[PDB]
């Protein structure tokens, strides 16, 4: 096993408090909360309770309740069914590190569990609808994957070592897990092909509906099906500066002391050129 998003938060911030469950629990959540005292949330006080909304619909009910004016996000509450949500600290998602202020949808965390990704960067914004799938094998008479359920030991072996010896890397085998940089935007209905992409450059923008079939260089704004660059983010000199200064690894104080360097693209250039 390994820790879920909620478990990681509770480790940090629960601080011996009781867990006030806001919503109908699921068996998975009840396994998580088994070591703690917990109860169906009634009257709640952040000094004594940490509130776990089960679903995002359960969260909206809580935040509409006057009782939640005192609760601070992450420190005092969290949604349980939200493994790919943003956090103010670096977290883990099935041995995939993801930085701060970084969210994604069920498709991506799904890809994380499969191991299609090695890391997601900082301040990265991925739409819920986006999907990341590998490709099936093209070298054989079949493309069905679940035919593998019918194979014995002997058929499994001969099938499983033909996949390992493949250039086009089916099922994301034989390749490095994908790497998604910081300050990336991925739009709705998008697709990144895990069998052929190894890295998405920092600050790259994927237009919505676009279908990425190969690595996107840093700051390449890409649309259309498949994905070709229509515009770059900034000048190539500005690109190479951002990759050394690494403002996304900054502290919070460094963000609020160099605000207007971030707000103005070329005001930044004077300071870190």
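Between two forms, the rigid core is defined as the largest C-alpha subset superposing within 1.5 Å. Numbering follows the first chain given and starts at 1.
K.L.:
Core fit done; bigger CA RMS in 7 other deposited structures of this protein for 28 to 36 or for 207 to 215?
P.N.:
The more displaced stretch in 7 other deposited structures of this protein turns out to be 28 to 36.
K.L.:
So which stretch wins on mean C-alpha B-factor, 88 to 96 or 138 to 146?
P.N.:
In the deposited entry, the stretch with the higher C-alpha B-factor mean is 138 to 146.
K.L.:
Going by the B-factors listed in the PDB entry, is the mean over the C-alpha atoms higher for 220 to 228 or for 64 to 72?
P.N.:
Taking the mean C-alpha B-factor of 220 to 228 and of 64 to 72, the larger value falls to 220 to 228.
K.L.:
Among 41, 210, 53, 33, which residue carries the highest C-alpha B-factor recorded in the PDB entry?
P.N.:
If I rank 41, 210, 53, 33 by C-alpha B-factor, first place goes to 210.
K.L.:
What's the residue among 49, 37, 236, 27 with the greatest CA temperature factor in the PDB record?
P.N.:
That would be 236, according to the entry.
K.L.:
Based on the deposited C-alpha B factors for this chain, I'd like to know if residue 112 is in the lowest, middle or highest third.
P.N.:
Its C-alpha B-factor, which the entry lists for residue 112, ranks in the middle third among residues of this chain.
K.L.:
Using the B-factor values recorded in the entry, state whether the Cα atom of residue 15 falls in the lowest, middle or highest third among the modelled residues of its chain.
P.N.:
According to the entry, residue 15 has a C-alpha B-factor in the chain's lowest third.
K.L.:
Lowest, middle or highest third: where is residue 122 by C-alpha B factor in its chain?
P.N.:
Middle third, going by the recorded CA B-factors of the chain.
K.L.:
Would you mind ranking residue 77 by its C-alpha B-factor against the rest of the chain and naming the third, lowest, middle or highest?
P.N.:
Lowest third of the chain for residue 77's C-alpha B-factor.
K.L.:
When the deposited Cα B-factors of this chain's modelled residues are ordered and cut into thirds, is residue 6 in the lowest, the middle or the highest one?
P.N.:
It falls in the bottom third of the chain.
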